[PDB]
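Worksheet for the structure shown next.
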Amino acid sequence: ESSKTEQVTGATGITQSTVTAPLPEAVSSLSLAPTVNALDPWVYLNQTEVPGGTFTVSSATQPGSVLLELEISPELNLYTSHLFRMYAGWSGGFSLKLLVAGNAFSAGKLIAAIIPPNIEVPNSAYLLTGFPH
Amino acid sequence: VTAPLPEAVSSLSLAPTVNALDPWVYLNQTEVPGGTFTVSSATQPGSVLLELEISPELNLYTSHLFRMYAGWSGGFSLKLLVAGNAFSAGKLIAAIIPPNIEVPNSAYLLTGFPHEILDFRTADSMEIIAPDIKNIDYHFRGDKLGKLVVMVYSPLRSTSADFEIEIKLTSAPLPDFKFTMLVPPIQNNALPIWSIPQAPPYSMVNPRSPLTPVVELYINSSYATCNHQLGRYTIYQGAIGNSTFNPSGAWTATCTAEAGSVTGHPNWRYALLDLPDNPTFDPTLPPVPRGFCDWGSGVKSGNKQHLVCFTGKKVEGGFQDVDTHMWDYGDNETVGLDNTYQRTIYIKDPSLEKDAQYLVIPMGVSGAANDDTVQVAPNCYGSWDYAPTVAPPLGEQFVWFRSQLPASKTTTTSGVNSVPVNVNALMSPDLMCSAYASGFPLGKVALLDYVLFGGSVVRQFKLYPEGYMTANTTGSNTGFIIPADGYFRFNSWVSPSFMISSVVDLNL
Amino acid sequence: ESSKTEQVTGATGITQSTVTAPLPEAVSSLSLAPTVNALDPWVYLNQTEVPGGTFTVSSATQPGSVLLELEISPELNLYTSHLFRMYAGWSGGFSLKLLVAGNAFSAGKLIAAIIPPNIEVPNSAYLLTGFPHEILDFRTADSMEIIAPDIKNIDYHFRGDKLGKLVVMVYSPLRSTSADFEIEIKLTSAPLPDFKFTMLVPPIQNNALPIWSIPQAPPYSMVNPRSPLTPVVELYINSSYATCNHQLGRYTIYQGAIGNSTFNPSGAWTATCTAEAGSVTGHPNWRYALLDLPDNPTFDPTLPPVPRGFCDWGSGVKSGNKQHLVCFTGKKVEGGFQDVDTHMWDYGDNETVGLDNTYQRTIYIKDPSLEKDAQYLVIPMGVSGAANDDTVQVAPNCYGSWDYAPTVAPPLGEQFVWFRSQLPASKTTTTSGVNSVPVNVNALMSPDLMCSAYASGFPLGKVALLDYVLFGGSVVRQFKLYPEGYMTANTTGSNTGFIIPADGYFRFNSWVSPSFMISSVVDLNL
Amino acid sequence: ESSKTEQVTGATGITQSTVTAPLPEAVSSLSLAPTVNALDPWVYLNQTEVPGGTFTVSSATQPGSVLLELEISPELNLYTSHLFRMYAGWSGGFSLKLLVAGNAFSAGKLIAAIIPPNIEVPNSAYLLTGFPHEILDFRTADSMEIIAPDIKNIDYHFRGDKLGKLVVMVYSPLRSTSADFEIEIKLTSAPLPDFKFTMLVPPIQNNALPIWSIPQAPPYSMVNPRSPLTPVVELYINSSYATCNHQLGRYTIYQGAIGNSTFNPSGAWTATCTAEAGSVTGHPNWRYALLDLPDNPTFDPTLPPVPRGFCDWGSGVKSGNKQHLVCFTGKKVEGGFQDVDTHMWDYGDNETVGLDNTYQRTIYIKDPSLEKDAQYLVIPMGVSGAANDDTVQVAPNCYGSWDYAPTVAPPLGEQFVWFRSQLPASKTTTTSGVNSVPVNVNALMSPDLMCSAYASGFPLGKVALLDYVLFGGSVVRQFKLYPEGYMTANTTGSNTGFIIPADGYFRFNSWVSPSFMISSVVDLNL
């Protein structure tokens, strides 16, 4: 959990870069698989585009419409997906970076949230505020 | 943060039991149900945007929990999120009103209560403390509560093109919040979420033309008011005026003929409607049978457009020969008849008896317009409990359920022909049952989404518990159509001053 | 708890001054309002007279009769009452000082007691002895200080709670050699230390004030809601009028205008009429008419049946065979213009009832040229050829108006004041039928003197003692104004049609109880 | 003296919040009043809006024009004003907070200054710079706190002294790309520490109150002092009436009733006439009469020459050859009875003067059967056969009444509201001569809405902003009431005989200056 602020060229605004953890992670001991298989350290430092992970917001976009919906799995995105061909199981979380091309002379707000398994996704930001967001 | 009034912490003694909340409800902020607003350059100073009782209903989880509890205390912490811009200027007031004191109607008097002034330039993520003011140990249900009031102090202006500003509130209970138990989970509180079963409008009855299905959902800006008496339902009272809850069965009626005729054409004679409740012994009860179309005939005659009804004569076991006749209402009497709801009518039938009984079923009109001649109900003079005339707020337009009435033509003896017409109505009873079961937060409006083409970008409507829905439009006012194959899914609670972001372009 | 004794000048007695606390005070911690608001220390040292806190004991006063009954609240008396306009709550007790003008050559005893909330006050000193009480003897008492506590089960008070009371009553009757001896009791009060206020709401309730100021407007610049076209020329008292059944000129606190009354009686409020063809059996020219009724036309048995304020009349009895009212009637409505004249009229005459009680208020106009379904304008007022001053006083019997104004009477020993005016006769020398006679019309309170009362307000359960100043001389009279409401003044004697000028003005004096005896008498002997 | 800078959301500017003391405060020892009275600590922490402390700056506002001018006194604003009812004196300064709604993409500058007592306020920012002053820039200002001192040469204040002032004015004009941009300035205030009161007089002055409460009495229950027998049925605005020379229905604060006005106009106040035998040259039947004049009968050139309140009329010009007033005249006084009918009449007609200006107010009645030295009763009202709605509006020229009511006009951009009513025609079908016509009569303020103002009072040099609520819908309009006094409302457009119902009610809003611009417009296009 942290926040950096930077000044834009020809100072007429700022850019914020934040790190947040809405839900604490419960790390598993993996005691039922004494066959733990390690990855390639460099795979932890390469952030790749998510399939189906791009969207456009115009003035005609409504709140409550679902723009992005993605499962947390090795299918994020390129190298864990390829590595999850030689293996039978997996466990662990993911760092997801959301890049926004904003400007200091606009207005509006986005909301992102984490939804547990077997729970339906609602179509209201009002209801999304009840999740870790 | 800011705390206009200190929060006095109560030691809950002797509450029979002190019931704790799980620790995770205190650490997350949710949206406040009903705490959403827009400010525009047209909002006047001193307009009360937000009026919000300080109770367990300020948070999404405490209001759900506050249905199996009998008491509570105390306060909340609120966070203000403002979607502002670089060019705007203005100021708001936020004040705390203790009980049992009245809310003033001017900004000059709000100062005087504990308050805070918020500027649009710096009130972007701002924390306020709403305290629980009481002289008792804990609250029971039905107690008098303090309020948070948000009003415009300095109007909104801009240095460039004018933007609107949208404001939302999130909340979390303070660490000293506690409940007092125990009761079953049905306790009179409005649920923070309203679950509407999916039902297309075409599967709903039209209360002003029961035998014709609904085809649309159309808008027309020339209709700035509604004085109807049939399609009127609310949340608190249910059906009002002369309304059911069943347009069909209450459609037909009976009348008793009278010895008399109108001066204009003696061929049509008077009659008095039969009231099975007999509210002629009492002028404080409705003078017309429940149901019984409130059309819809304008200035009287000379060009003598009338209504049309299937009518017959009463005999043993039923009714003998039935025909179509013209019956609207008395011609030029003092009460505006034919422009008033009354027990007195006439029918165009020289063969009418004196004390006989006649069945009447309204079916159409003749010589009239397919437009605002039937859209206007006659009148509701008297002392009984008639439905008041209502209008939408400035910038908003009504949404009507609509049906097509076909024309009955004749060729042989009657010479009575009807005209194809379109009949529109306010809320249908089939969209309010779940509302009645669930309930509305005090002084709030339901923002709903109408889903149309499998989940495309789609319309947004406001539903008012007085029993009517409206939309935000711009442009011309020629009759605008919308299909009738949607879902009416619930979006959120908003204040009555909220302005819908989605706009309907009435130009096509 | 203490007692001081002092010797009187030329020692022939003593005066006792005591401090007593019959009930211990429970000081509240005020932990549920961390917004405690402090008063001005000097407010704790100024004892002021309590409204309605004066009484007189004579040899005719019985034990068990309740002389004083006062709630413990900020309304004691002047500065806490004014300060309790900016605040929402309060808590604390009061010091109540009871001053007695005794003498060493009398006899008798007083009892004072404290009564908790929701307990009825009894009418027996024997029963009062069961409360926390104190006793006084008339031969030595000078002042008694009572530490009256604030009995509550809440942390602090909002408005509308039930409060404890102090009750003062005679314990043993007064005796003396002189038959004219009386003892006057007076009450002062101040807030005790630990009295506090709570949340400061500088927004002020418009009814948040002690003593109210009446503007100096003489009665002659006032209606008269029963003869508006004529001005008020005098006040007057008559002993024979012990009741009032009027429906006009009836204004009250807490309701506004009651009966068939209104705040704009200018002119004898006009009306319009139209009804069936038909006449009274006592004359073939006494045609029937029905008053046109706007303002809920549909004849609901709960709404008034006469137009608001039209009820200008006299009376009224079957002797009306020789008595009638006189009205300017316009016989038709024709594009605004109306042919107008004067005519006789009265309320319905069907000896089935001695009709003063018409429901739709059927009338007759004594006009043979009257149409049936036409509309006729009617404007009072006149009378002929009756006595008739006493007939106009008694109003028509009223049960048509469902929420009608009740009959009122003054308490024993008092009479009304009856704003009075004159109306002359409109005589005719050419054609027979219409000649009226002069008559004086009285009326109760007018809206002009009550608007100030509405703006200011009245303390709950008290009346207003006013002084009528009429200089040119140096004369001041005293009146009691009730919020029912009406004026009375302490008469003694028989009727003489007592007259009082209308050029003086009203100035406010203390608040008093409805049973208060005015210390000023008007001699109805002249 | 301090300054805080804050960054705005989405950093594109800053907001400055400053505290400044242009003039040092001289704290008085209060040694001549050893009766110092302390306030409630929480009163020092509640800043409230100042009455008349709001203004708007647009691109059209000039420098040198005075936008705000306020005296330093307990009347700032709510709780010291209420507390200064129980006390006789005061001393101490005030914290005045000036809130500005600026934006980083505008330009311009404000100047505020402190002006000592008995010094005239100039109309130039150049000259204001010679006072103790502070400057603000619209791009960064959010709030400025001024420690306004109490400039006095006495130990403490009684009522009636001359006080220092705060003046706010534009220093450099406002500019922006958008033509609709304006900046709103607001003022709040609180007492500084060391503010104190002196001798406690819990006796309260009846004019010792901030905001006043108007009772909910709709206009339709009001005279109409120019047509009392008819009720008020609507309010209305007409652009063609930019002046008022009426002598009736003119009520003002600080004087009461002015002109030939009274508080009891019920009925078109009757009068009596008698004068020489003589007729107008324009007809041998236009006989002369002189109004009987009680209330200082002797014709003093300083007392009014018409009976109080009788002045019911229209107009008035020599075209009166085809225009006349209509009155019910009783042709004789005979033991109370009078033979009554209707007749034509008007004010004197001697083309020497276009006579609206009769001194003794000679009239004529157009009656050949009139005696010379007899007394005749006269009661308005009617007109015929003139246009004539616009003729009744213009009153007869007045110089006979020495202390007559002056002509008044609204400020540019505003129009009157003109309580309006209708009076119908009295038509005749039998004999020639007397047929009237329907006409609408307007009038300024009525006594009913002013009695509350008299009871409460007005702050010196300020007007009342009222809200007219007319529900059934959800409509609220805004009016400005002046104590001269009359109502105006911010019109835009041309005359359309604009009509407003009379069933709403008046509710008090803030006090404002006479130059205040209402933030609510009525479109006279319909």
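Chains as they are written, first to last, in PDB author numbering: chain C, 2 to 134; chain B, 20 to 527; chain C', 2 to 527; chain C'', 2 to 527. A prime marks a further copy of an entry chain. In this text, a Cβ means the ideal position worked out from N, Cα and C, and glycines have one as well.
- Along the stretch 336 to 421 of chain C', the alpha helix (DSSP H) occurs as fully enclosed runs of 4 or more residues at 390 to 394, listed in sequence order.
- DSSP places B/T275 outside any alpha helix (DSSP H); the residue lies instead in the beta strand (DSSP E), whose first and last residues are 272 to 280.
- By DSSP's assignment, C/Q63 forms no beta bridge with any residue.
- Looking at the DSSP output, B/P192 bridges to B/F95.
- In the structure shown, the three-state DSSP call for C'/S228 is coil.
- Judged by their CB atoms, C'/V28 and C'/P192 are not nearer to each other than the 8 Å cut-off.
- C'/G505 counts as buried, since no fewer than 16 other beta carbons sit within 10 angstroms of its beta carbon.
- Comparing alpha carbon positions, the residue from C/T10, C/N78, C/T57, C/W91 closest to C/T36 is C/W91.
- In the DSSP assignment, C'/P52 falls within the beta strand (DSSP E) that extends over 49 to 58.
- In this chain, the alpha helix (DSSP H) harbouring B/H83 covers 79 to 84.
- Here C''/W403 is exposed, its C-beta having fewer than 16 other C-beta atoms within 10 Å.
- Within the same chain, and ignoring the five residues on either side of C''/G383 in sequence, the residues whose Cβ sits closer than 6 Å to its Cβ are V327, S437.
- Within the same chain, Cβ atoms closer than 6 Å to the Cβ of C'/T57 are found at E183, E185, the five residues on either side in sequence being excluded.
- If only complete runs of 3 or more residues are kept, the stretch 264 to 333 of chain C'' shows the beta strand (DSSP E) at 272 to 274, 289 to 291, 325 to 331, in order along the chain.
- Ranked by Cα distance from C''/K323, the options C''/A388, C''/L445, C''/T244 are led by C''/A388.
- Taking the Cβ atoms as the reference, C'/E72 lies roughly 6 Å from C'/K166, within the contact range of under 8 Å.
- In the structure shown, the three-state DSSP call for B/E135 is strand.
- Distance from the Cα of C''/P203 is smallest, within the candidate group C'/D293, C'/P216, C'/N78, for C'/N78.
- Straight-line measurement puts the Cα of C'/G498 at about 33 Å from the Cα of C'/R362.
- Cβ-Cβ distances below 7 Å link C'/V318 to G355 in the same chain, with the five nearest sequence neighbours on each side left out; the list follows chain order.
- C/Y45 sits in a helix when the DSSP states are folded into three classes.
- In its chain, beyond the 5 residues on either side, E2 have a beta carbon closer than 8 Å to the beta carbon of C/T21.
- For B/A149, the closest C-alpha among the options B/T141, B/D138, B/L164 is that of B/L164.
- Residues of chain C with a Cβ closer than 8 Å to the Cβ of B/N104 are, in chain order, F106, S107, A108.
- About 6 Å separates the CB atoms of B/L291 and B/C274; that is less than 8 Å, so the two are in contact.
- Contacts between C''/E185 and chain B, judged by CB atoms closer than 9 Å, involve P64, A108, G109, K110, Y172, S173, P174, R176 in chain order.
- Counted as a single uninterrupted DSSP element, the beta strand (DSSP E) harbouring B/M145 occupies residues 144 to 149.
- Residue pairing from DSSP places B/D468 in a beta bridge opposite B/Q479, B/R508.
- By the Cβ test, the stretch 112 to 127 of chain B is not in contact with the stretch 108 to 122 of chain C, since fewer than three Cβ pairs between them sit closer than 8 Å.
- Annotation for C'/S3: the continuous beta strand (DSSP E) segment containing it runs 3 to 8.
- Leaving aside the five residues that flank B/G486 on each side, the residues in its chain whose CB is nearer than 7 Å to its CB run, in chain order, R251, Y252, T253, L445, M446.
- Here the C-alpha atom of C''/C452 lies approximately 29 Å from the C-alpha atom of C''/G474.
- Contact between C'/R176 and C'/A108 holds, with the beta-carbon distance rounding to 4 Å and staying under 8 Å.
- About 17 Å separates the Cβ atoms of B/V281 and B/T330, ruling out a contact at the 8 Å cut-off.
- For B/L128, the chain C' residues whose C-beta falls within less than 7 Å of its own C-beta are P204, listed in chain order.
- For B/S177, the secondary structure class from DSSP, reduced to helix, strand or coil, is strand.
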